[PDB]
Amino acid sequence: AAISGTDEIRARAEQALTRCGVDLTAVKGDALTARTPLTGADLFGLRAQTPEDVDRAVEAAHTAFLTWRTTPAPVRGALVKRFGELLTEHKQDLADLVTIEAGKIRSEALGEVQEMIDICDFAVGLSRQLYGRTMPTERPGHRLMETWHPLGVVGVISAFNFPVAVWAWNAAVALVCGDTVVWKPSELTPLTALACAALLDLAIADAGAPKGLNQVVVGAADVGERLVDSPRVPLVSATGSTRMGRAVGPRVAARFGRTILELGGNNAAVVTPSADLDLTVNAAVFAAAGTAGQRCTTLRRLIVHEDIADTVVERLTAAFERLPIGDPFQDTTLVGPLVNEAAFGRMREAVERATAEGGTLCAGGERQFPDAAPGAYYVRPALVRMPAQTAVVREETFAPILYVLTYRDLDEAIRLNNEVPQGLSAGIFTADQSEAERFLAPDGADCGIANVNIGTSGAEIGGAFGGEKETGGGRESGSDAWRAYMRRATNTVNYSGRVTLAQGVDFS
Amino acid sequence: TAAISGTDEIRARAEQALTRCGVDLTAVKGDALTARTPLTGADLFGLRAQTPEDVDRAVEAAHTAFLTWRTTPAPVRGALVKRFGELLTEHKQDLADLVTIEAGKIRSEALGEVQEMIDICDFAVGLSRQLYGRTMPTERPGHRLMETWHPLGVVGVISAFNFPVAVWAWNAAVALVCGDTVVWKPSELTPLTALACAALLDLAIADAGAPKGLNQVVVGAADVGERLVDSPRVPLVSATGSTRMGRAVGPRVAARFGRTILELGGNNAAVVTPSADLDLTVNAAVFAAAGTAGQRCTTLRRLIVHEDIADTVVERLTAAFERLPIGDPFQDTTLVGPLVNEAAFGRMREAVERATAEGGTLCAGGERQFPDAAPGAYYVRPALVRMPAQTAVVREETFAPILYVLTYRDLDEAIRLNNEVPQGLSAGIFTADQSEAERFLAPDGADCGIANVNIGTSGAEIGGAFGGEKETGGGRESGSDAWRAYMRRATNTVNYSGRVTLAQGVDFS
Amino acid sequence: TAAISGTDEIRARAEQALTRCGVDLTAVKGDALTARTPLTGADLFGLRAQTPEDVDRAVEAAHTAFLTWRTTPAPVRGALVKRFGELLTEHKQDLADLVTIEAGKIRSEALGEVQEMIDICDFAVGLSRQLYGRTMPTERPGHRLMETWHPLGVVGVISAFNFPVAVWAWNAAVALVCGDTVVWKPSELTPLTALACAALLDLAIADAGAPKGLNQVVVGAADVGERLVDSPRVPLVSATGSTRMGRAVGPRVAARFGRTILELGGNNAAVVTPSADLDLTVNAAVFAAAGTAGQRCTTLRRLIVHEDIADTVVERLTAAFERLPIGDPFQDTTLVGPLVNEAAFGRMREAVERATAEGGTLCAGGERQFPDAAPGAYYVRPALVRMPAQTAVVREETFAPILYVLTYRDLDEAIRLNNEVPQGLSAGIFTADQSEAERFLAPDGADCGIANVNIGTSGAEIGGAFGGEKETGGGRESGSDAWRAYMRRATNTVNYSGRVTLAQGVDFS
Amino acid sequence: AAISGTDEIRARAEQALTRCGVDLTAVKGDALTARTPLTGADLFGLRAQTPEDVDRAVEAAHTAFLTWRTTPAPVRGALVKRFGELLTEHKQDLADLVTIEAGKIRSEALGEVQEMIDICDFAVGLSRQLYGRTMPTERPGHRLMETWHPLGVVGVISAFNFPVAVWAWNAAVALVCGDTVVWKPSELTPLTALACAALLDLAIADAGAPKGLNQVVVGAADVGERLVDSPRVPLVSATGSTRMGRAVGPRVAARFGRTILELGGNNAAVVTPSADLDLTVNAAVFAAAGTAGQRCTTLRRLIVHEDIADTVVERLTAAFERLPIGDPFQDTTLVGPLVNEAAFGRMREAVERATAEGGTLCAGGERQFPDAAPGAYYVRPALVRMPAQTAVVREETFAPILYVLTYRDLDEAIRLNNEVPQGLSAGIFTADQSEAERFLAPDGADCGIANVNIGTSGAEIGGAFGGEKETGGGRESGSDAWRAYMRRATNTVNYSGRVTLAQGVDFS
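Residue numbers (our numbering), protein chains in the order written: chain A, 56 to 563; chain B, 106 to 614; chain C, 106 to 614; chain D, 56 to 563.
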């Protein structure tokens, strides 16, 4: 294959950075090296933050918060509108960085940037809503209401695979809610975040807003840990592996803070006897192989009825063999590279484990064109037929592997969907009205997202996004997910000039 | 001076109340745990306890029950709650005897707590036809999008001594209409209240034909509480108690990817501005500080009074405190019953001494009343302590009637004084000034979960979400959409178009 | 053949039921209006009526009551409704006798209608702590913005013969918790049901210590209804009745700047697709078409069946209709009681003849049963008429059991056939196909206020907003936030900043 | 004074029209003449619509509706976002037309255009919301929900005094709700609406939307009447005099259609003994005199406590005498002209009536600089002290007249506020906490808008806008006012395969 050169990738990144307003001389250094999975090569070195720098960032965000929180929410919304426009103006530059750092294909990178723009627009809406309630009180001559107030500094820790959209869900919402933001991006994807931050900084200057509303702290897990421990950060939104949940969640809880946890997924689709197989095959392929199986919403388990299981595996086999793998800057490419060597190693280990546990590799799994970029890990998605939901099937391997399991009764398909520790998304493919409803019912699929005739990535801005069980319970983006960024007050107002006298005794 | 009922007379009243609520005394009596009363400080009789193994058996029973209950239509689940509230109404007096006996509350407050149970039952029956999710537009042609709410599982309820029936009721009425089941670990100090509650609910269940395992009481100390907290079968723990306990429960449950409602300590203040109606303020402040002998979580503990009226406000409260009738909580004349135990009396005296060491002046109260009338019991006159600053003891919750009086000049200083403590439950402002009232409730005002105007820190009701911020723990109970913490959200996209976005235009069919 | 109870035996049962519900028979008897029963078609006894003057006096009493009720805390207003529902529970059987006696409904449906009253009372008690407005941000610094809901005034309730207690209950339980008062004009065909309802509510009111004028019944014909509609003291008229009546009431009330809830005729259809479960479909279709002898507003009147299964569906319904037990509605065996009166029988026969003149084939039923068993009463077998097109008679609501069967090929043709009529209350689709189900409920699907999947046109409940579109009149009753039509919205901006935007920067101080 | 010439006003209008995309040769004619209250002169003639043209407009809007209603709401929102941007781009051109036709000062014209932009932004938010409910059903194996669907063609009839914002409240909301719009603007302000329509038409082309989404029908009340009678228009939003309500409301009701009625106002403010008098005087002056007293929210009644009544009247007298009256294109101008001669005649007649009913003219009422533009009616706001709330005080005269009434007890101030037939807005000025709450309580002011320490124009996008009593009960713009543009469906879904068997009898 023909893969973009490291020199040209580097020059495209520097151009995209300077066009988004980044000062390259100010951000360059030698504490952390930016990289690209397209070739595996280093791009250039960057300054990183000390743990002392995190605390200085928190103090700056908190100082800004004290002004932002009495700035009227619709004025705060004017800022987010302005940022949305700058994102629109620089959509292709930002997308190039997403492709360069995350390795996702160009169309998906553009879609991730559009997601940021769409949440800005939604947040501008929210800025005139953030609804509490007015309600009756049992007390004569009193009034009762419930109000919502800005919480404070929000710590946002994000992953490599959606390096701009996850932050955008949190920042757009947090900013209209009157919060400020300290962002600790993945050590794998710092360039996207610097570009994001400079665009928002321009928005801040144009809008006359306070300077410290958003702050980026570049570094590894230790910088995240200091952010997590801060007594001035009442909400940490953390996205990453299920592993992280056991560290972050209890730590924040121990200091009486709040978390939004968006952890791993292990998403299944059920394919029933009446499923439209052309539709099912297209949906399953795109959800399993898309982003080189590196979405939290990636399709990893296909629970197929035994009467159609052979036809389904045959058709998925043929499709997997035809998937075009390549440079994610080429429009013909559908599957770009895995993020690094370790990711390839873990994929290979899961597949070896699955065969040891009684599985059969049906298609895929081989590394593609290793000599064309020996530092990069381009792999064909693996399709693995399994005789039961064994150990490896229940673990999230962050790579494109689709395990196929069979069932007969719908309640067993539901059981198999729910048996895993993760709880993000689930889908059912069926022409049958009652089966679709049974899958979505209280005793149906147990996930945060449960869909009919669309796959495990079927989600959108207006929906609250997140999962149950070991996916951590958090919600972002749509519906009333904004409530996690604000504090509720219940207010009783007496206008009668009287209080109930205990026992009829009076101290006037 | 006052006459206090005898341990024998209290015991017999307790046994009557239990029997009438359907408790089998033979079956619950034993030697593991002792029932007691703060009226005399004496033990009443021994009870059987549950081991940590029994807790696990009770959780699994509750889970089996949940597997049926979650597909029981919520309005049918509501019918169960309506019937329960019918039995509470019928046994209101009996259940209120047990509340007074175990918590030391005066009769009118004991009746008020039982009515609160009845009111949340009524509210929950309403919720049982609501539990609203949402329908909304989708960007996808030929698709539909919605949000649905589902039953969660077994709910672990850990309650305190001071509201021995209402706190569980808030949780259980709501949990049950939401399709959940309940395992309740009541205070080791107040088991009989819980046994009577559970026996009445068991009757309701039998009348409704509902599953047997919907609610269960596990009796014992904090070690029984810990086994409930650790169960991987309990996705929600509602824990009510001291701030200290939060650092145990919240992280433990978080570590196993569970959810908590934490309802922890308060250290609640009221601001008295120069335009305050002093008669309203003094009466409000008295009830809020002295009621339940300062053992509500919403008890008024700090009074932040403008310097121009501080001297007159202190005189009036000094005189009001000196006139509080302290006595047996079964007598109609009693406004202040006893403290729960000796430990609570010790901490009260320790705080008053510290406050006077830290520059404070004791203005009224703080002395033990008629010790020889009931030597095992601790009846005290509420303390009023004028303080020159907000020092360490002022910032601690001592669970006792102590009102600290602090002065201020600018409203923003009053607000900072309110917000400076680690707790964040409740706050009030007494003022006739429109602007001050709104400033106190504003985003840069009082930082508490409840913020009121011209009514004290115990001013809340069923329809409001009840709870606090900061070291109070963030949880909400009872009103508004507090029910959501008892269910799980699902976001559902339904494709009826027969087609899917083709990635890069490629069709694999 | 069947045995029908005698007018004397019905009268005596009615008098018992009234007395037991607290009606004073001496005081309501008179010679202006006659109580009657469809069981025999006979008059029972005479009643006093109200003149148009009496209506005006009753409205003014209701308004005086409203002036107190609107400042009564909604949760206290809820306590009244809870007590009312306690009396309905206690007198369920008695009130259900009167429903069967006046509306001709079978016992189980009469009991179901009274339970519906009880259920809306329970739902309303919940609402009484909700009635939610909103708090929201304002663009103005140092300001606050909110939305509040307030009591409206006197609510005029005009009801029909076929649901003589539930319709009023939906309106009144909700109106009363919302701070409103009620003036009720029941059908001239069903006054006794209303008198018994009102007498029980008057007892509740006395027990609660609530104002006397909260609810009043005005007995008489459509001229008493018109005076209520015209009153400038009645800001809301809820009118239930024929489509014809809407063109009277809606414009009259609009002309005086008042509000209406209009709940008018239906002409409801179900679509039967080739994948339909025929056993489910046939049973559903039978109950929906034949129940209440086709005198529910949600009665199934049109069946739109796919041509591939039309012959088999018609055979099965032909046989089911021929087996419907028609009889005295007090007997447990009866599924179909009588039509309300002779006029209704005349219109039924007139429609069947027109349908057969318009190309239709009568497949089953339509004949008067046992005329000589009760010569004044009109018991009929439901009619099943196969039609070649949707002609004029098919598009009219005839208030009688007639099911027209129309065939289709494409789902979009079924949908157009559903939507082609002037009414828009209720619709159903019977199908096992996921896509067809969703297409029927989509924006370009069934255009009705109620659209169901695998359940008939009478599939609705308390928690849902009940009502229709088009000539059904747009009003909603009972569930969701239907309560909003009984209150007025206020939008409140509160400035606590002490300053105002200066126009052109000019300061006039 | 120095007033803009008719020639230069004409040329500014033609320029603003052509810059907004209007074809001047296509819209010109001689059926209706566009005009300006700045000089009173005719600008130029226009084509007008026949009643047959209205029915052709309805048919075109309905044809568009059949496509728009299955276009996903967020896609519909993309159009409104785009229109918001075009409005932003042409904000000054549109504002010049508003000043030219409505006669309002330049800053207010700019503010009315910004209102359009702000509702577009809010509607873009709504396009991912339009919330119904999901809820429990009492039936085993069933599911229950409430959904909202597009209604159809919306008839929008608007007044002269807000010639762009009223339409924008209705169109932005109606378009995201999946409705289409037929707009019948005031015969006094057709140029603004043509400009509006051409900007939205450009948005439609850029967005790929259907052509007939919005249609303008130019003419007088007879064209409105035909629109009102149409069986294909299920919702008429009508703004105008209380007079219109008695015609439109019953007509639409007679054909089972829906209305939103936004009729006259007669708004009062209560000034209590603790009122901040500097604040009260500024607020009252701006609300009484602003827009030459030609807002529906205009302050017309001031209910002042007797202890401060003399000081308040003295201070208002001095302020009214100082008000600068002038060309609304001059930034020094605060009060521009009245709309026409008839408006001046009615003002003069009310003032003569008020003095006959026992009143005293304290300040204002005189026509200003008549020779400078003898076709134009520039008047100083009138301040009239009244001994009781007489007949004229209770009628809305659409001109700047402020009646002053005295009270002693707050309940009488509330009574006087509520005694009038109109019910739009009300305000109370007070430093007293209980008085403010009493004014807003269930037995307080009876209006649609009730405010504290801000006047009768205190309202904003996020609030639902409208009134009670003879103001007609309608709501527009904020909160959930969108519900009037859609139809509710209650949906019960059976997935159990069972129905309840009546009496245990079965027909299987």
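Don't be surprised by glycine CBs; every beta carbon is placed ideally from N, CA and C.
D/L254 and D/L142 have their C-alpha atoms roughly 7 Å apart. Counting only Cβ-Cβ distances below 9 Å, D/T202 has contacts in chain B at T240, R249, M251, in chain order.
Between the stretch 137–154 of chain A and the stretch 166–174 of chain A there are three or more inter-stretch CB-CB distances shorter than 8 Å, so the stretches are counted as touching.
Counting only residues of its own chain and dropping the five nearest sequence neighbours on each side, D/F215 has a CB closer than 7 Å to the CB of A157, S241, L243, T244, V394. When Cβ-Cβ separations below 7 Å define contact, B/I560 makes contact with chain A. Distances from the alpha-carbon of A/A437 to those of A/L479, A/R377, A/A491, A/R470 put A/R377 closest. According to DSSP, residue pairing for D/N549 in a beta bridge involves D/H197. By the CB criterion at 7 Å, A/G187 and C/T240 fall inside the cutoff. For the stretch 286–326 of chain D, the continuous alpha helix (DSSP H) assignments of 4+ residues that do not extend past its boundaries occur at 297–309, in sequence order. For chain D, the residues of the stretch 348–366 of chain C that bring a beta carbon within less than 7 Å of one of its beta carbons are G351, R352, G355, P356, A359, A360, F362, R364, in chain order. Chain D has a Cβ within less than 7 Å of the Cβ of A/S489. Relative to the Cα of D/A486, the nearest Cα in the group D/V325, D/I64, D/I259 belongs to D/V325. By the CB criterion at 7 Å, C/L333 and C/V160 fall inside the cutoff. A/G100 and D/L181 have their C-alpha atoms spaced approximately 44 Å apart.
B/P548 and A/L479 have their C-alpha atoms some 35 Å from each other. Near chain C, meaning a CB-to-CB distance below 9 Å, the residues of the stretch 510–543 of chain D are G510, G513, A514, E515, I516, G517, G518, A519, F520, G521, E523, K524, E525, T526, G527, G528, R530, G533, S534, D535, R542, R543. With respect to the 7 Å criterion, C/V279 and C/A167 are not classified as neighbours on the basis of their beta carbons. Cβ contact annotation for A/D382 (same chain, cutoff 8 Å, sequence separation greater than five): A56, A57, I58, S59, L93, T388, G391, in chain order. Taking a contact to require three or more Cβ pairs closer than 8 Å, the stretch 457–469 of chain B and the stretch 405–415 of chain B do not qualify as touching. Contact between A/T352 and A/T511 holds, with the beta-carbon distance rounding to 5 Å and staying under 8 Å.
With a threshold of 7 Å between beta carbons, B/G135 makes no contact with chain C.
Among the CB atoms of chain D, none fall inside 7 Å of the CB of A/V130. Residue environment: D/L199 is assigned as buried (16 or more neighbouring CB atoms within 10 Å of its CB, all protein chains considered). In the assembly as shown, D/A86 is an exposed residue. Its beta-carbon has fewer than 16 other beta-carbons within 10 Å. D/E167 is not a Cβ neighbour of D/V179, given a cutoff of 7 Å.
Interface criterion met: the Cβ of C/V230 is under 7 Å from a Cβ in chain B.
For the pair A/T88 and A/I64, the CB atoms are not nearer than the 7 Å cut-off.
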